[PDB]
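Going by the entry's author numbering, the letters in the sequence shown line up with residues 1 to 163, in that order.
One structure below.
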Amino acid sequence: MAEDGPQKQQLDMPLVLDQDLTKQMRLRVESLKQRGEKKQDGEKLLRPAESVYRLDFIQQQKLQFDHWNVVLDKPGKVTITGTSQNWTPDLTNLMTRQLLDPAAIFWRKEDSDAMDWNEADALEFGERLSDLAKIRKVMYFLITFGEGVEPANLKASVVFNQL
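This is the structure in structure tokens:
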């Protein structure tokens, strides 16, 4: 319950995964209800490399979109790709550099509670957030568990301080 802002309003909303992968994450909620025994929280499914980021639009306009601490059921990192709505993470994933893609990256190691945030790329993505004001209808983005590793179980967390 740490107060990130001057004790004002705090709006922290987690972000969901691609619908297919989310099929394994939300299925997690059911895992705890039926046989949540060996059903680990992560997503033990071999998926290509695409997680969507879906969250209602926090249309506060007083929104302090600041933290994008994203995690995986395993200490590691994941890649964030900012593309247009003509690119679906479900039908596509981290595409080449021909598409507009500012690659921002977050790395969370629990054996090393250190987070490496590549912002120069996320700064360009800062401009992408303004475009959100044009997609103010919802939050949608592309993600990809680094093909070869298992973040196909990325449970993201966003801590913003609402003004």
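Ideal Cβ placement from N, Cα and C applies to all residues, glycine included.
Given a threshold of 16 other Cβ atoms within 10 Å of its Cβ, counted over all protein chains shown, does residue 172 qualify as buried or as exposed? Shown here, the chain extends from 1 to 163; a query on residue 172 therefore has no answer.
Would you kindly work out how many angstroms separate the C-alpha atoms of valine 52 and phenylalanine 141, rounded to a whole number? 6 Å
Ordered along the chain, which non-local residues of its own chain (more than five positions away) have a Cβ less than 6 Å from that of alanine 122? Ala104
Hey, quick one: how far does the beta strand (DSSP E) through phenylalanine 141 stretch, first residue to last? 138-144
Per DSSP, cross-strand counterpart(s) of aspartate 56: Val138
In whole angstroms, give me the CA-to-CA distance for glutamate 110 and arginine 35. 27 Å
Can you give the Cα-Cα distance for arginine 136 and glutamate 3, rounded to whole angstroms? 27 Å
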